[PDB]
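> Before anything else, here's the structure in question.
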Amino acid sequence: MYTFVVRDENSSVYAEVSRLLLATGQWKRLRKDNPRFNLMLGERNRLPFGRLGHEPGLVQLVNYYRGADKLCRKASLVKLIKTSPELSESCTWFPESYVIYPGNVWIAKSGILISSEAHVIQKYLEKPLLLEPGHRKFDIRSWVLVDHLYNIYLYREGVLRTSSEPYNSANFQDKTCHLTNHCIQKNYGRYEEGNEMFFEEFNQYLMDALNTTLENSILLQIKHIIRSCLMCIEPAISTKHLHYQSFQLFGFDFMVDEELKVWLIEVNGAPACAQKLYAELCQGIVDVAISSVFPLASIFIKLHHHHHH
Amino acid sequence: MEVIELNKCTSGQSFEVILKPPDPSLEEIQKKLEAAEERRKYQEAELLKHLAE
Amino acid sequence: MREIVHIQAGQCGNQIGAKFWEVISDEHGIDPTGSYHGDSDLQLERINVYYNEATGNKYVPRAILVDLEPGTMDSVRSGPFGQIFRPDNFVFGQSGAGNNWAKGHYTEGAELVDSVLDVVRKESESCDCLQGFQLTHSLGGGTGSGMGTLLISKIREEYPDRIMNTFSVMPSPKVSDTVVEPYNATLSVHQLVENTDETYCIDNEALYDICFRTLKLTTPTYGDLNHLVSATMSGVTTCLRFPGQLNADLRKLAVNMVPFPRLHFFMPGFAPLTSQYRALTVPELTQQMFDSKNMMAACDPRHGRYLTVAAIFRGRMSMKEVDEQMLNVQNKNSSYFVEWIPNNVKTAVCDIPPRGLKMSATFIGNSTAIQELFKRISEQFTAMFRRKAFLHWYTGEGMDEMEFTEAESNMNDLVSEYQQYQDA
Amino acid sequence: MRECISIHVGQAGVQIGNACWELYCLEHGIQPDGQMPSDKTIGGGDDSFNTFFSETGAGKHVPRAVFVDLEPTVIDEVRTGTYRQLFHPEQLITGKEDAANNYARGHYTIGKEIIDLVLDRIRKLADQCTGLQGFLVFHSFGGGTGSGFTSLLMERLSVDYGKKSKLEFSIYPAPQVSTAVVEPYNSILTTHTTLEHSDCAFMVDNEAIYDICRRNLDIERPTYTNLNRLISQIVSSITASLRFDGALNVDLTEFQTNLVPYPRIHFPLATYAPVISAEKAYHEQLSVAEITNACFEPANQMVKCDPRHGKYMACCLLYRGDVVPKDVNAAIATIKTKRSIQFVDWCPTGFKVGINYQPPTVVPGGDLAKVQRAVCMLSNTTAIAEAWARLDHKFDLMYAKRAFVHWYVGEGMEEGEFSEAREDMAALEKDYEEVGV
Ligand SMILES: CC(C)(C)c1nc[nH]c1/C=c1\[nH]c(=O)/c(=C/c2cccc(C(=O)c3ccccc3)c2)[nH]c1=O
Ligand SMILES: Nc1nc2c(ncn2[C@@H]2O[C@H](COP(=O)(O)OP(=O)(O)OP(=O)(O)O)[C@@H](O)[C@H]2O)c(=O)[nH]1
Ligand SMILES: Nc1ncnc2c1ncn2[C@@H]1O[C@H](COP(=O)(O)OP(=O)(O)CP(=O)(O)O)[C@@H](O)[C@H]1O
Ligand SMILES: Nc1nc2c(ncn2[C@@H]2O[C@H](COP(=O)(O)OP(=O)(O)O)[C@@H](O)[C@H]2O)c(=O)[nH]1
Ligand SMILES: [Ca+2]
Ligand SMILES: [Ca+2]
Ligand SMILES: [Mg+2]
Ligand SMILES: [Mg+2]
């Protein structure tokens with residue numbers, strides 16, 4: 001009988017983990033401020049990492065990596081990339097970005113501005129890959145689970161969060177064709193349900209239209225970016241040898257251009273899953289992150305590469 | 001990485017290495033020790049007054 | 001702070017009180033005539049806490065024996081360890097108290113109280129550093145209840161800075177001498193709420209049930225009940241009677257057990273309960289001492305929440321295994337331990353075991369579930385008081401109905417106060 | 001030279017004093033009776049060890065030590081123990097009745113009846129000094145004496161000796177070896193009242209020492225003897241520059257200059273490597289690189305916290321044994337590129353190194369093995385504020401319900417002193433956040 005606490009009520013992901021844990025008979029939930037927990041499913045802001053790992057006779061685990069915000073806020077992500085030699089200014093998979101405090105097209109963000117006149121100012125991808133029939137933009141979301149040992153587990157199911165409106169070079173003010181978010185769309189669901197193209201269909205399209213695969217044309221670059229990003233920050237956030245342990249689910253957002261090159265847009269620290277995939281992912285978080293640390297009575301692909309030089 | 005101000009001797013040595021540059025009075029204490037003794041003595045009086053009733 | 005003064009009042013007080021001096025005198029290697037015949041120096045190292053040293057190297061208990069009739073005090077002097085007590089400390093009246101609080105507190109006991117206090121002063125005088133007073137009595141009779149609480153009030157007047165602890169045996173219809181016990185107990189509880197630092201609520205209901213249900217004794221005597229009481233009195237005095245690197249007196253223990261001044265009524269327990277060959281394992285002691293069935297106050301700890309817990313393990317065992325087991329019950333039943341007193345369960349181990357058990361555990365629980373005890377006595381009270389039944393015995397000795405109404409109100413306030421922190 | 005008076009208050013202070021003075025005697029070759037053969041100037045001197053020891057005409061070397069406890073039993077063991085001849089009876093001061101884990105009882109009630117005696121016994125030592133530096137104060141945050149009486153002493157020492165420095169060695173409370181439930185109250189109260197009177201304070205969380213003893217010494221259930229012998233190694237490391245020839249941390253003022261730029265933030269983290277079991281049959285000796293690297297592992301720190309998420313205002317490496325400057329620089333060079341060592345903008349990113357060639361001395365029949373080389377890193381990092389956050393949280397939980405408060409008020413203290421003291425701590429936590437984020 002292991003114990004947990006739940007300090008983020010909004011979290012759609014860890015609501016399902018809370019439910020899946022309870023429905024085994026071996027995880028009892030406690031009150032939000034009870035200190036005698038094995039597992040903390042914690043808040044987004046000001047999670048008290050200083051209080052973890054100081055309760056004698058309790059192995060304590062939390063579902064956030066302290067320091068991982070340096071990958072997840074846009075301002076600090078840009079600064080991490082320009083400052084770490086393992087990524088560098090000459091980083092082939094990150095758009096050219098600059099920090100100024102509150103083809104020559106850019107995008108401003110942290111209210112989104114796409115222009116040449118005018119937070120972070122980032123190079124806009126003027127010629128993206130466009131799905132057909134539709135002539136329309138998309139972004140790819142990959143879910144990545146980093147466990148207590150710093151194994152980097154990529155979930156096999158990602159999703160293309162599609163635009164329904166044809167892409168337009170001259171008309172920038174119309175946001176529905178340039179910005180590919182789920183909320184901004186809700187032609188909402190003309191080509192696929194809820195503007196979501198899953199990996200089986202998108203592989204098939206690449207095969208049919210371009211005579212290639214998702215694995216070769218795109219996913220190899222995604223696996224390279226995820227691994228390069230997380231191994232960069234490993235020394236700053238790793239909980240190996242530490243008095244408490246951390247795991248975390250990340251949401252990596254990608255853009256594939258016309259020549260089949262993948263670009264990193266943003267990393268997300270408290271990501272939500274797509275409706276269909278909750279049951280499988282949230283079970284996967286329990287098996288690999290939680291049950292590995294607290295044993296009871298593969299959907300992921302492990303990112304490891306040791307090239308010698 | 002500059003190794004400055006090296007000083008040596010027979011039992012050891014020391015140096016610096018730079019990787020990169022950039023009260024109340026005796027009155028008030030004796031006063032508030034005694035103010036706590038007033039409250040201590042008033043509380044004891046309230047008890048001995050209660051026990052007298 | 002080494003010396004404790006012991007006072008035992010009335011029939012019950014002197015009966016369990018005698019059993020205390022029997023058990024600990026064996027534990028310290030003192031024989032029925034007061035002479036030391038032990039072997040370990042640990043038996044004499046803090047012998048001054050409960051014994052004075054006399055000429056010829058005799059040890060004399062720092063004990064005062066109070067009653068309003070001679071019967072029971074004659075029985076103590078005739079009993080096995082009766083000769084060890086200082087004769088001057090036998091202070092007794094003649095007319096008895098007839099199970100009447102008023103007689104004990106206001107008339108008969110008033111006449112005897114000052115001579116008991118002269119003996120208390122006599123013992124307190126020749127005390128290098130007096131840490132406090134301990135008292136044994138019942139709350140259901142007349143002397144131990146009425147006079148014992150009068151003494152407690154007087155002792156507090158003359159020694160207002162010393163710690164006052166009681167073992168207070170609570171009445172129950174299951175083991176009942178007279179119908180007026182709830183009256184006597186209610187009047188006494190109000191005294192204890194005001195004038196003691198710790199009260200160990202020995203409930204005769206619970207002691208009977210342990211003897212009947214869990215010990216298979218069909219017809220339990222007071223000896224069978226008192227056997228369970230003596231094991232617990234030995235248990236709670238272990239950490240003052242011996243070392244082992246624990247630097248605590250009654251005040252220090254009191255400071256750590258009592259978060260609110262009126263809420264100092266503890267729920268004692270003991271493991272194993274006896275009347276054996278296989279020594280218990282540390283997990284068994286731990287689960288038994290936290291089990292409702294082993295509680296000496298007939299309350300269900302699941303009906304309340306623990307403010308603090310203390311537990312004192314006796315015998316040669318692993319301190320690692322103890323820490324682990326104590327942390328196991330806390331971390332697997334954490335709802336019943338208040339989250340607003342961090343680390344409220346504390347533990348000690350003593351190498352010397354008691355006579356007959358290879359290892360034991362005494363449980364001291366300050367739980368809000370003790371309100372059930374006070375609710376039960378309050379219901380028994382009101383059942384009679386609403387018809388003013390049996391009051392003439394008390395109004396005859398000068399008491400007003402007002403004083404009953406007040407005492408009723410003070411005990412229901414105590415109950416409300418416990419209910420407050422059970423929901424906080 | 002300039003003299004240093006050590007003051008040991010309460011049980012924790014006294015028993016840690018014992019351990020340190022036992023160790024200091026082995027390090028300087030001073031014996032239980034107090035004779036020091038290697039000392040040739042009989043009856044006096046201005047050697048480095050004389051900062052901690054005075055001398056008599058008969059050749060006795062006597063600690064500049066005062067032991068204070070509100071009850072006799074712990075200091076009684078110093079009067080009858082192996083080092084009984086070492087101390088003059090006037091240095092060992094005891095009351096009859098303790099503070100019962102009550103700050104208010106130690107500060108106000110029982111403090112008042114003994115403070116003037118202690119200051120007098122302190123003045124008897126300060127008058128044997130040609131040039132007093134100041135005071136090393138040893139105590140617990142959790143005890144009533146350790147917390148309560150210490151804060152009163154520290155108030156008075158500022159009045160009577162305003163020109164002098166005051167260093168604390170403070171035992172931060174750990175539930176795993178404490179039977180006191182009210183330590184969060186005592187710790188905040190004494191931290192609040194001692195803060196302006198202490199120039200530099202070294203906190204030692206009993207939790208960390210306890211797990212170092214479990215993990216690295218293979219001790220199943222560590223006693224105070226286990227913990228204290230380890231604590232005194234760390235303390236010796238820290239005080240060695242005051243007792244031996246050298247040029248780093250030569251006086252008490254230099255600890256404040258080197259480690260404490262921002263006066264309120266005067267709690268440096270101590271990290272110590274290597275801790276190795278004497279029962280361990282085969283031990284491969286660790287290098288300058290390996291033990292310097294171990295100074296950035298949380299598992300070797302005196303307080304568990306994460307320096308990575310925080311910023312440094314100062315860092316000092318104190319090595320004992322076979323170490324030379326270039327091995328240290330090579331070790332620091334490797335470590336800068338691997339680990340996350342971020343300094344505050346206004347401070348230089350750098351390390352003050354102190355080496356003493358004498359390897360750590362170990363107490364005979366102790367738990368620690370002899371080692372060729374050891375290090376104690378002293379870093380002023382904002383990460384140590386984690387310990388304040390934990391302590392303040394516990395305080396808030398209890399104090400919200402007024403739990404145990406009546407014991408403090410009953411000894412003369414006012415309820416307002418709780419929230420006043422807690423607000424100082426609230427500001428302290430805020431001061432650490434400004435500096436470190
Ligand atoms: C487990 C440990 C040591 C860490 C710990 N942590 C918190 N608490 C503890 C333990 C105790 N705490 C007490 O406050 C205590 C009070 C005590 C002691 C002796 C006697 C009588 C007493 O009323 C009496 C009266 C008449 C006849 C016989 C007995 C009370 N005993 C304990 O064993
Ligand atoms: N490291 C260490 N901690 C100790 C020692 N003795 C006590 N403690 C700790 O100190 C705290 C209790 O305070 P004490 O020093 O015993 O109390 P005191 O200062 O003697 O004051 P009172 O007993 O309240 O009069 C707890 O956190 C204990 O774990 C010791 O020898 N070493
Ligand atoms: N440099 C660029 N080139 C092309 N499109 C871009 C871009 N930067 C942002 N976008 C588009 O804007 C959309 C939203 O911007 P961005 O991903 O930076 O913030 P966001 O917060 O909306 C993602 P999430 O909420 O899923 O973490 C993306 O889906 C992407 O299609
Ligand atoms: N456990 C226990 N309870 C007793 C004993 N003697 C009496 N009682 C209880 O105490 C109450 C009677 O009080 P008693 O001590 O005889 O009266 P007193 O002599 O006038 O103080 C009743 O509730 C009895 O159940 C005893 O030896 N053991
Ligand atoms: Ca008469
Ligand atoms: Ca000399
Ligand atoms: Mg009777
Ligand atoms: Mg003490």
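Chain identifiers are assigned as A, B, and so on, following the order in which chains appear in the structure tokens; residues are numbered from 1 within each chain, and ligands are numbered from 1 in order of appearance.
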Got a sec to check which residues lie within 7 Å of ligand 7, using only C-alpha atoms and all ligand atoms, and send them as a PDB file with N, CA and C atoms, in the first residue's frame?


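The new file part.pdb reads:
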```
ATOM      1  N   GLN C  11      -9.396   3.010  48.405  1.00  0.00           N
ATOM      2  CA  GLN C  11      -9.259   1.558  48.235  1.00  0.00           C
ATOM      3  C   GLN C  11      -8.515   1.229  46.949  1.00  0.00           C
ATOM      4  N   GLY C 141     -15.453   6.134  43.604  1.00  0.00           N
ATOM      5  CA  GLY C 141     -15.710   6.123  45.041  1.00  0.00           C
ATOM      6  C   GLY C 141     -15.735   7.511  45.654  1.00  0.00           C
ATOM      7  N   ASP C 177     -19.477  -0.614  41.971  1.00  0.00           N
ATOM      8  CA  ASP C 177     -19.808  -0.737  43.395  1.00  0.00           C
ATOM      9  C   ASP C 177     -21.142  -0.077  43.769  1.00  0.00           C
TER      10      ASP C 177
END
```

> Hey, list the chain A side of the contact with chain D: 7 Å cut-off, only C-alpha atoms, answer as a list in words.

residues 50, 51, 56, 235, 236 and 242 of chain A

> Could the residues in this selection be written to a file with N, CA and C atoms, as a compact mmCIF listing (two decimals), in the first residue's frame?


```txt
# COMPACT_ATOMS: atom_id res chain seq x y z
N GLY A 50 12.11 21.66 -1.99
CA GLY A 50 12.86 21.64 -0.74
C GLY A 50 12.27 20.81 0.40
N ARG A 51 10.98 20.50 0.32
CA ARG A 51 10.31 19.67 1.32
C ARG A 51 10.33 18.18 0.97
N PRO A 56 11.52 10.45 7.05
CA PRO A 56 12.25 9.19 7.26
C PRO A 56 11.40 7.94 6.98
N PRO A 235 22.82 17.08 -16.39
CA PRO A 235 23.56 17.43 -15.17
C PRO A 235 22.82 18.39 -14.23
N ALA A 236 22.04 19.32 -14.78
CA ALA A 236 21.36 20.34 -13.96
C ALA A 236 20.11 19.83 -13.22
N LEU A 242 20.19 11.62 -5.41
CA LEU A 242 19.52 12.69 -4.68
C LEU A 242 18.51 12.09 -3.70
```

> Counting only C-alpha atoms, which residues in chain C sit no more than 8 Å from chain A? For each one, give the nearest pair of atoms and the distance in Å, sorted by chain then residue number, as a tab-separated table.


```
residue	atom	partner	partner_atom	distance
C:324	CA	A:57	CA	7.0
C:327	CA	A:57	CA	6.5
C:331	CA	A:36	CA	6.0
C:332	CA	A:1	CA	7.3
C:334	CA	A:36	CA	7.2
C:335	CA	A:30	CA	7.8
C:339	CA	A:34	CA	6.3
```

> Any residue with an atom at most 7 Å from ligand 1 counts, using only C-alpha atoms and all ligand atoms. Which are they? Put them as number ranges by chain.

C: 6, 17, 20, 134-136, 165-167, 198-200, 233, 235-240, 250, 253-254, 256-257, 309-312, 346-348; D: 179

> Would you name the residues within 10 Å of ligand 3, counting only C-alpha atoms and all ligand atoms, and put them as JSON, numbers by chain?

{"A": [72, 73, 74, 94, 95, 96, 97, 105, 106, 107, 108, 109, 110, 112, 114, 120, 121, 122, 123, 124, 125, 126, 127, 128, 137, 138, 139, 140, 141, 160, 161, 162, 163, 175, 177, 178, 179, 180, 181, 182, 183, 184, 250, 251, 252, 253, 254, 255, 256, 257, 263, 264, 265, 266, 267, 268, 269, 270, 271, 272]}

> Excluding residue 47 (chain C) and residues on its chain fewer than 6 positions from it, collect all residues at most 12 Å away from it, counting only C-alpha atoms, and give them as a PDB file with C-alpha atoms, in the first residue's frame.


```pdb
ATOM      1  CA  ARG C   2      15.140  13.391  39.969  1.00  0.00           C
ATOM      2  CA  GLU C   3      12.794  12.786  42.953  1.00  0.00           C
ATOM      3  CA  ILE C   4       9.114  11.901  42.464  1.00  0.00           C
ATOM      4  CA  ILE C  24       9.154  -1.763  40.463  1.00  0.00           C
ATOM      5  CA  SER C  25      10.782  -3.006  43.716  1.00  0.00           C
ATOM      6  CA  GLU C  27      12.681  -4.477  38.877  1.00  0.00           C
ATOM      7  CA  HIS C  28      15.198  -2.567  41.070  1.00  0.00           C
ATOM      8  CA  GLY C  29      16.170  -5.658  43.154  1.00  0.00           C
ATOM      9  CA  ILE C  30      14.620  -4.448  46.431  1.00  0.00           C
ATOM     10  CA  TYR C  36      19.043  -4.342  47.821  1.00  0.00           C
ATOM     11  CA  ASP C  41      24.326  -1.211  38.654  1.00  0.00           C
ATOM     12  CA  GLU C  53      18.024   5.822  51.258  1.00  0.00           C
ATOM     13  CA  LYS C  58      17.830   0.342  53.179  1.00  0.00           C
ATOM     14  CA  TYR C  59      15.612   1.781  50.419  1.00  0.00           C
ATOM     15  CA  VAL C  60      12.275   3.315  51.498  1.00  0.00           C
ATOM     16  CA  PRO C  61       9.591   4.265  48.893  1.00  0.00           C
ATOM     17  CA  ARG C  62       8.787   7.973  48.593  1.00  0.00           C
ATOM     18  CA  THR C 237       7.865   4.895  34.564  1.00  0.00           C
ATOM     19  CA  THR C 238      10.577   2.919  32.687  1.00  0.00           C
ATOM     20  CA  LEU C 240      12.606   7.737  34.370  1.00  0.00           C
ATOM     21  CA  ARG C 241      13.595   4.615  36.370  1.00  0.00           C
ATOM     22  CA  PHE C 242      16.343   3.659  33.875  1.00  0.00           C
ATOM     23  CA  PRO C 243      18.754   5.430  31.370  1.00  0.00           C
TER      24      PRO C 243
END
```

> Write out as a VMD selection string which residues come within 7 Å of region 4-6 of chain B when counting only C-alpha atoms, dropping same-chain ones fewer than 3 positions away.

chain B and resid 14 to 17

> Write to file, as a PDB file, in the first residue's frame, the residues of the selection just made, with N, CA and C atoms.


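Saved file again.pdb follows:
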```
ATOM      1  N   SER B  14      48.322  27.999   0.842  1.00  0.00           N
ATOM      2  CA  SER B  14      47.015  28.495   0.446  1.00  0.00           C
ATOM      3  C   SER B  14      47.118  29.399  -0.764  1.00  0.00           C
ATOM      4  N   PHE B  15      46.012  29.520  -1.480  1.00  0.00           N
ATOM      5  CA  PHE B  15      45.940  30.372  -2.659  1.00  0.00           C
ATOM      6  C   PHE B  15      44.479  30.627  -2.993  1.00  0.00           C
ATOM      7  N   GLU B  16      44.258  31.439  -4.016  1.00  0.00           N
ATOM      8  CA  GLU B  16      42.943  31.689  -4.569  1.00  0.00           C
ATOM      9  C   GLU B  16      43.025  31.384  -6.053  1.00  0.00           C
ATOM     10  N   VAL B  17      41.933  30.880  -6.619  1.00  0.00           N
ATOM     11  CA  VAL B  17      41.842  30.618  -8.060  1.00  0.00           C
ATOM     12  C   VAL B  17      40.523  31.194  -8.592  1.00  0.00           C
TER      13      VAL B  17
END
```

> Could you tell me which residues of chain B sit within 9 Å of chain C when counting only C-alpha atoms, and give me the result as a PyMOL selection string?

chain B and resi 44+47-48+51-52

> Mind dumping the selected residues with N, CA and C atoms as an mmCIF file, in the first residue's frame?


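Final output, again-v9.cif:
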```
data_model
loop_
_atom_site.group_PDB
_atom_site.id
_atom_site.type_symbol
_atom_site.label_atom_id
_atom_site.label_comp_id
_atom_site.auth_asym_id
_atom_site.auth_seq_id
_atom_site.Cartn_x
_atom_site.Cartn_y
_atom_site.Cartn_z
ATOM 1 N N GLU B 44 0.802 33.532 38.142
ATOM 2 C CA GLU B 44 0.837 32.784 39.402
ATOM 3 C C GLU B 44 -0.101 33.398 40.454
ATOM 4 N N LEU B 47 -3.670 32.398 39.619
ATOM 5 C CA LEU B 47 -3.875 31.023 40.057
ATOM 6 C C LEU B 47 -4.111 30.949 41.569
ATOM 7 N N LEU B 48 -3.244 31.578 42.359
ATOM 8 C CA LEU B 48 -3.408 31.576 43.820
ATOM 9 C C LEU B 48 -4.643 32.369 44.282
ATOM 10 N N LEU B 51 -7.442 29.669 43.405
ATOM 11 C CA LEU B 51 -7.417 28.626 44.432
ATOM 12 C C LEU B 51 -7.886 29.124 45.807
ATOM 13 N N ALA B 52 -7.748 30.422 46.074
ATOM 14 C CA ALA B 52 -8.257 31.019 47.314
ATOM 15 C C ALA B 52 -9.794 31.064 47.347
#
```

> Find the residues in chain D near chain B: any atom within 9 Å counts, using only C-alpha atoms. Write them as number ranges by chain.

D: 107-109, 111-112, 152, 155-156, 158-160, 196-197, 244-248, 320, 324-325, 329, 333, 336, 343-358, 409-414

> Would you write out, as a Markdown table, a table of all residues in chain D that have an atom no more than 6 Å from an atom of chain C, listing for each the closest atom pair and the distance in Å to one decimal, considering only C-alpha atoms and ordering rows by chain and rising residue number?


```
| residue | atom | partner | partner_atom | distance |
| --- | --- | --- | --- | --- |
| D:97 | CA | C:1 | CA | 5.8 |
| D:100 | CA | C:252 | CA | 4.1 |
| D:179 | CA | C:346 | CA | 5.8 |
| D:181 | CA | C:256 | CA | 5.6 |
| D:397 | CA | C:340 | CA | 4.8 |
| D:398 | CA | C:340 | CA | 5.1 |
| D:403 | CA | C:259 | CA | 4.7 |
| D:404 | CA | C:259 | CA | 4.0 |
```

> Can you work out the spacing between CA of residue 101 (chain C) and CA of residue 412 (chain C) in Å, to one decimal?

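Atom-to-atom, CA of residue 101 (chain C) and CA of residue 412 (chain C) are spaced 19.7 Å apart.
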
> Neighbouring residues of residue 316 (chain C) were defined as those with any atom within 9 Å, considering only C-alpha atoms; residues of the same chain fewer than 3 positions away were excluded. Please report them as a PyMOL selection string.

chain C and resi 349-353+358-359

> Could you take the residues named above and write them with N, CA and C atoms, as a compact mmCIF listing (two decimals), in the first residue's frame?


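Printed below is out32.txt as written:
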```
# COMPACT_ATOMS: atom_id res chain seq x y z
N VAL C 349 13.62 2.84 23.67
CA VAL C 349 13.85 1.43 23.94
C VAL C 349 14.66 1.32 25.23
N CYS C 350 14.31 0.32 26.04
CA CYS C 350 15.00 0.01 27.28
C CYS C 350 15.42 -1.46 27.26
N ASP C 351 16.69 -1.72 27.56
CA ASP C 351 17.27 -3.07 27.45
C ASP C 351 16.73 -4.05 28.49
N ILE C 352 16.53 -3.57 29.72
CA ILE C 352 15.99 -4.38 30.81
C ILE C 352 14.50 -4.64 30.56
N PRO C 353 14.11 -5.93 30.43
CA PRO C 353 12.69 -6.24 30.29
C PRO C 353 12.01 -6.36 31.65
N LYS C 358 9.89 -11.44 27.69
CA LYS C 358 11.19 -11.25 27.02
C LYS C 358 11.22 -9.95 26.25
N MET C 359 10.05 -9.48 25.82
CA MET C 359 9.92 -8.12 25.34
C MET C 359 8.49 -7.58 25.31
```
